[PDB]
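only geometry, no sequence info:
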Ligand SMILES: *[C@@H]1O[C@H](CO)[C@@H](O)[C@H](O)[C@H]1NC(C)=O
Ligand SMILES: *[C@@H]1O[C@H](CO)[C@@H](O)[C@H](O)[C@H]1NC(C)=O
Ligand SMILES: *[C@@H]1O[C@H](CO)[C@@H](O)[C@H](O)[C@H]1NC(C)=O
């Protein structure tokens, strides 16, 4: 709740969420506004538009999802390459102990 | 020396030692107060109390 | 029939239900909360106001003492003065040269205008909802008031409705509340008799017309200095006035969840803070047999220009073929998309348009037209309007809020990582089998 005595002409910024915001200006009746998700992007498009749209909607959730999928692909590629390297080692070890084979 | 013009009901804290504190509130005769070494604990008891 | 469903506590936003008995036509059920009242149990401690501190005419005795008698008036202060010489206009007022006693009296009283500008102190123990429900079913309406406690069946003249226990208990008022001219404050006022000068509750009484007024105003009687008569008293300022000057903002401007605080009685109206599980005993006369309802043979839905928002930003056209003309309801089977119209009119080989509000980027939800289920599936665009004047009709879910394209990319990356993991373990198992042989 913010209460302010205002004189002259000014501009006041108020963050409205999905829960809404009710403001009373002077003797006028209260005005209730609800914020609807209108991020500057397209959820059905290229990945960067989806990423910026969801980041403008929820920044921490989008960044932790992006970090999770980046970690998932790095671990997947690294462990797959480790398995390929181990298979190559176990396959070529008998042929590496004999030059004449 | 602390000097302040005060309007309305309010509370003011002041630090006094063994030397003393003399305050004058408006047009009244000055009032003297003296502090004594009454601190929590016990000089005759368990060691943590005296510490 | 008995149907239990959970409704949000939002004033407005009617809640959709489709009750479906085994051998009866599906029946619509709109459950709307038109009013709500958190009314707590309040008892009063005292009432306070700006005092009057009337000082009567001082008593004089001359060559004689005036040891004062104790009285039961509010904040009584009697004090004796020696060596006084009273003097009104016209001359010195008594014979005795210097050994005079002056009894100075000072008690305190309510101001004459305390019948309007007074603050009443109350305790708040617990508050229980009393919600007004508009329930319509089978073209029959019912407006009825219920207590949200799980046992009270409300106004069950014909429809038996039990509002089960709400998920969260809010209670916007704290334990101690001050009410002044219709303004409600959460103030920690002192107890009855534990009075403090220069602060709220300095003067207390059980009623405005009560006689047992108690006060601690820190009134001090001073020895007179000038020759003329007067009673010099120094007194702390009114704690009522200090609390008026430092009241903060009342609960009509700072209560959470948008609760409108009203007085006589003290209550909080029209605010949403949880979910009400309502169980309804719908009478069997409301239902009709499935043979009396026009069944559907073929039906297909196409949505057009879906915009997910708080307003009804959908328009789906259902093309149908039916046996016979009649009115029979329609429902949306997902919690993300809710329809606007509950009961539609279906005749034959035609199309009906309907409006829905959704909170998902994808409209992929089941619509039951009069018994038959169809999967409406397309994409919804984000709104161009940033701020709207009506509350959101659907709460957001994590699975719904992610579109098909975003889920496709997410499972694409996850499936790629998992597929490389599986093929790595496969070639490792193949190498282990080769070296084991
Ligand atoms: C208020 O927010 C707007 C965003 O539309 C911004 O342009 C403007 O500078 C803000 N004003 C203040 C005083 O912060
Ligand atoms: C004065 O000291 C008391 C000691 O308990 C403390 O509670 C109070 O906050 C202090 N007030 C100021 C104005 O420093
Ligand atoms: C009390 O009222 C006066 C009136 O001018 C105002 O200046 C002041 O801020 C108020 N509050 C206090 C704590 O003195």
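It's in. Numbering: from 1, shown residues only, chains lettered A, B, ... in the order given. Ligands and ions are numbered 1, 2, ... in the order given.

I'd like the distance between residue A:28 and ligand 3.
26 Å (CB to the nearest ligand atom, to the nearest Å). To be clear about C-beta, it is placed using only N, CA and C from the backbone, and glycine gets the same treatment.

pretty sure that residue is in a helix, no?
No. Counting by DSSP: H, G, I helix; E, B strand; the rest coil, residue A:28 is not part of a helix but coil.

So which bits of chain C are right by ligand 3?
Within reach of ligand 3 by CB under 6 Å from any ligand atom, chain C has these residues: C:245-246.

Name the residues of the lengthiest helix in chain C that are buried.
Among the elements of chain C assigned as helix by DSSP state H, the one spanning the most residues is helix C:404-436. Applying a neighbour-count criterion of 16 or more other CB atoms under 10 Å in any protein chain shown, one finds C:404-406, C:409-410, C:413, C:417, C:420-421, C:424, C:427-428, C:431 buried in helix C:404-436.

does any part of that helix sit near chain A?
Yes. Residues of helix C:404-436 are located near chain A by CB under 8 Å from any CB of the partner chain, namely C:404-406, C:409-410, C:413-414, C:416-418, C:420-421, C:423-425, C:427-428, C:430-432, C:434-435.

elements contacting that helix?
On a contact count with 3 or more CB pairs under 8 Å, 6 or more residues apart in numbering or on different chains; DSSP states H and E, helix C:404-436 meets helix A:47-57, helix A:59-96.

and these as JSON lines, adding mean neighbour count and distance to ligand 3?
As requested, those are arranged in JSON lines below (neighbours: other CB atoms under 10 Å in any protein chain shown; distance: least, CB to the nearest ligand atom, whole Å):
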{"stretch": "helix A:47-57", "mean neighbour count": "17", "distance to ligand 3": "42"}
{"stretch": "helix A:59-96", "mean neighbour count": "14", "distance to ligand 3": "40"}
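
Nearest to chain B, out of those?
helix A:59-96 (43.9 Å; CB to the nearest CB).

So the spatially closest residue to residue C:401 that is not a sequence neighbour, which state does it fall into?
Nearest residue to residue C:401, sequence neighbours excluded (CB to CB, 6 or more residues apart in numbering or on different chains): residue C:360, at 6.1 Å. Classification of residue C:360 using three-state DSSP returns coil.

hmm, back to that, compare the helices and strands packed on helix C:404-436 and report which one is nearest to residue C:375.
Of all these, the one in closest proximity to residue C:375, counting by CB to CB, is helix A:47-57 (23.7 Å).

what does that closest one rub up against?
The contact list for helix A:47-57, computed with CB atoms under 8 Å, 6 or more residues apart in numbering or on different chains, reads A:37, A:39-44, A:61-63, A:66, C:382, C:403, C:405-406, C:409.

What is the most widely separated pair among those residues?
Greatest spacing in the contacts of helix A:47-57, by CB to CB: A:44 and A:63 (21.2 Å).

Spit out the contact partners of residue 76.
Just going to use chain A. Residues in contact with residue A:76 (CB under 8 Å, 6+ apart) are C:416-418, C:420-421.

I was thinking of chain C, sorry if that wasn't clear
Per CB under 8 Å, 6+ apart, neighbours of residue C:76: C:70, C:105-107.
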